[PDB]
Structure formats: structure tokens, C-alpha cells
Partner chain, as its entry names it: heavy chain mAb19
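In the block that follows, a single chain appears as C-alpha cells, in the form deposited without the partner chain.
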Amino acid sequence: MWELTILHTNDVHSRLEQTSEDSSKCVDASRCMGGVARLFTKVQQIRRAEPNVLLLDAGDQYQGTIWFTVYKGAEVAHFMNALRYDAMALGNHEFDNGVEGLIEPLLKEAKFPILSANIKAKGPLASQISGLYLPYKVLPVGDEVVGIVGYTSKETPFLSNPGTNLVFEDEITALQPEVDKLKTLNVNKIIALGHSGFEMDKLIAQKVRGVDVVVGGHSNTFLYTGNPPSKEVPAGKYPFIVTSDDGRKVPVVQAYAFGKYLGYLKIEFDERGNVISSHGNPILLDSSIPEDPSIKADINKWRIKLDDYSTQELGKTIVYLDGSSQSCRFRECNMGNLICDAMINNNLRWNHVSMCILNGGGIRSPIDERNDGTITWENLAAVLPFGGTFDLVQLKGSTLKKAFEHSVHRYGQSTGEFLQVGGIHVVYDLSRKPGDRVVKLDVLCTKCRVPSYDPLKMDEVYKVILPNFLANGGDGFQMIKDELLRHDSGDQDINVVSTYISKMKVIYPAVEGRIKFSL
């Protein structure tokens, strides 16, 4: 029998340095986690112990901290080469700086295959990008050969900036002919490595004949067998077993996000490449694992240029700024209220925009207050990494009512469309059918001398400050894009929040009942 050890990361999102338990900037070094130096140490311990090891990445290395803001993907190629990744699948955030932002710093510099079977290039781009990413790779592992086939979310055009020249096909339709090709070349051990979310990973495991293992990302899924080591609640056992249509038990794995864990799956194969069994668990990369000094020294060398974004203190917080997805995609989070209050305050400088809506998935990180409360550009850069704008927009009450129904239409799945608000008091009843969950919606009046809250009226018009991402129909808010009456472009997102914090000096945004649930 032949044993393979798959080590996998996903949704690392520029967490090159070690971080806090909430994946924000490391303050108390004794309880810090993750980061590529610590990962390098654990990978090395496994490569010493196990003869057949593959180190895989399921996408979204791009976007998340000042590392990516400054180095634009060169830190990813440099530190993934130093860690000796065997393969990587393209994620949606790999296209955030267009195709050239992917081609030049990463595709042309990676010393490992970068994969995606369902991305087809067309027109002039097709010639330049040929061979820079591959539909699959066959990798020698000891005396055997392992096929790895890539896949990328079909939603990348709606989430990122891949351009017109790239077509994202259905993953199952694009994967089957590649897996069939590998089987004709007698590759009997096949890993599907990709970035489409756990639900799609489960469908690929079921529908794509010949796939032995699925290693995914995108949904930040935490899977565990037994008692979990930190705050992440497991969504299922590790590995997650799917029984395929042809009757094979297919393990599906994912390792949360931000380099906090290293996925570890041991697979026992027979001579014909059949999975006899498999077992493992994500390894928490906590303080007990030492950071490799060679990688840490090289990180400290690259950190010098980034220290210009931490020397200038913008303001000070006396509260934890909860920008976690567990809060911001499920309920009112004070990071949401802060950003919506900065949005309204920057604009109100004799203009009358009283209302704000902000997608929870746009808040990419919390900020900690225990470093004497100090907030820097570096801290803000991880909360608002996209370089978007906060736009003024004019909407009918009916349109706003539909947006709030979309905010909770499939609540409970940690999706980014949950809205954080300002100048709005919304009440939900999740017991009701999707599309009819908003039980109360009051808005701060504008055509009144003393502003107060009153029921929203379907026939009335309202001025709303919101990200350009929402104004352009992002996160399924097509009603905002289709039904809006006016859309003006506003100032840069990070500059708006920064200018607000420096004026306030000390901030203490609270959760105050802007969003409520009715039992």
C-alpha cells in the first residue's frame, strides 16, 4: 500500500507575519499564531517524518494586509517558493489587480505549477497567458505519480476583476474531461484542488468520476474530528466524506483561513489508486511551534518597507473593533457602525444623507485595542483592503426594502451580503419565509428639521451612502444597480475611515440595536 500526506492552506489573504487569535495584527507575541515562518517549521517536521508529502494551496493568497498593498503578489511568489509549495489553485482574489497583477508578480515568478481547468482565455490575452497556469499537473511523489487538477469559482467575474477576455466555466463540466485525460495517461491518484467553496467542493467529489480527494477553499470552512483547539466551531468532521455517484467514499478538506491552521490529511492508497482510508485534522499553528529563524529573518528584511504604514498613528480606540465575519455577517458589529458613521460624517461636511448600508463581507478584519488602543494605516488596510469608494446613491423605499430582504435571504451561511447600517433601524424575523423576513424598517428622516426615526415608505425616495461594490450590484444586490435613480461616485474607503478617526481622536463605537432579531 502507498500512503500520501497532503498539507494544505487556503484563504491565507496576505497573513505572512504571525497574527492574533482573530487573525488581526500580532500584539502579544507569546499567544500569536500562524504566519509563514511558523508554517515552514511544521511543514519541515512533517517532510522529515513522512516520505510522500504534497504542500498545496487552494487560492486566495492575494488581498488582506499591507504586505499585498505594497508588494502586490511578489511576497506570495517569494514566500510560497521559500516554503516549497508543490501546487496552487487560482482563487478569486488572485484577479483583484487584473490579469497583469496575477501574470507579472505571481504566474511568471512561482517555481510551482498554478492551476485552473475551468478558466479559458480568449482574444489577445489567450496568447500571452498560454502555459502560465495549467488545467492540471502530474507530480512525481516518491516512486508514484499524483495528478492535481485545478478549479476556480464561477463567481470570480462578480467578485474580482478578471477582465472580459477570461471565461469561467462550470467547474464540473470543465473538470471531467481533464480527469478523464489523466485516467487515459494511467494517472490513478487524482486530487481536485480548487477555490469554489465547500458546497461546490462536495458536488465535485460526488459528480466528477475519478477524483480521489477534494482540497478546497473560498468558504473558510473549518472541519475537525474530536475536540477543536481554538474558537472556530467545526462545520463537520475532518475529512468530510462524500459518497460519489459511482459509489466511492471521497474525502473533502478545507483548513479555515488566514494561515491559522495547516490542513493535514494522510491518505492510504492501494496499487490501483483506490483510497482505502484516510485520516487527519487541521494543525493549529500556535506559539508552541517555533517560527523558522531563516524565514523570520527574511520576513523582517521585507518588513522594513512596510513600517512606513505603522509609524503614523491615525487615532486611538478604547473598544475592541469587531470586524470578525462571525459577528459582521450575522448581526450588528461595531466595526460596521464605525465605518457607516465615518461614511455619513465624511459626506455631511449642507448635504443631507442620513442613511448608510455596508456589506458585512467588505469588513475584512477586526482591530485590537490592547496595543494602548493605537490605530494605524496598517490596521485599517486589513479592514478595507480593496481601494473602493463610498458612493452617494438615490433609491426608492421599495428598492431599499428589497436590499434588506436580500441581506438575510439565506441567513446562517456566513455570506457577505449581511448589511451593516447607519441611520437605519431594521428588525428581522428569521422564522418567516425568505423575501418576507424584514418585520420593521425605520429610517432617519431628512425632510424634517429635527431628524428622527420613522417607518420606511415604499413610494418615498432616499439618499444612501454605500460602497461602489454594492452600487454596482455586487453580492447579489442587482436591485440596487437596476432600480437606483441616481449614482454619484464618492471618496476612497480607507481615506474616509482614516480622516474620521483622526478627527475623533478616541473612538468607542458600540453595538446599539441598529439591527435586531424578533423571537
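Positions refer to the first chain, counted from 1.
FYI, the form deposited with the partner chain bound isn't displayed, but the following is about it.
- The stretch in contact with the partner chain in the deposited bound form, judged by heavy atoms within 4.5 Å, is 139-147, chosen from 378-386, 197-205, 431-439, 139-147.
- With a 4.5 Å cutoff on heavy atoms, residue 99 does not count as touching the partner chain in the deposited bound form; it lies far away.
- Looking at residue 186, you'd find a heavy atom of it within 4.5 angstroms of the partner chain in the deposited bound form.
- At the 4.5 Å threshold, heavy atoms of residue 135 reach the partner chain in the deposited bound form.
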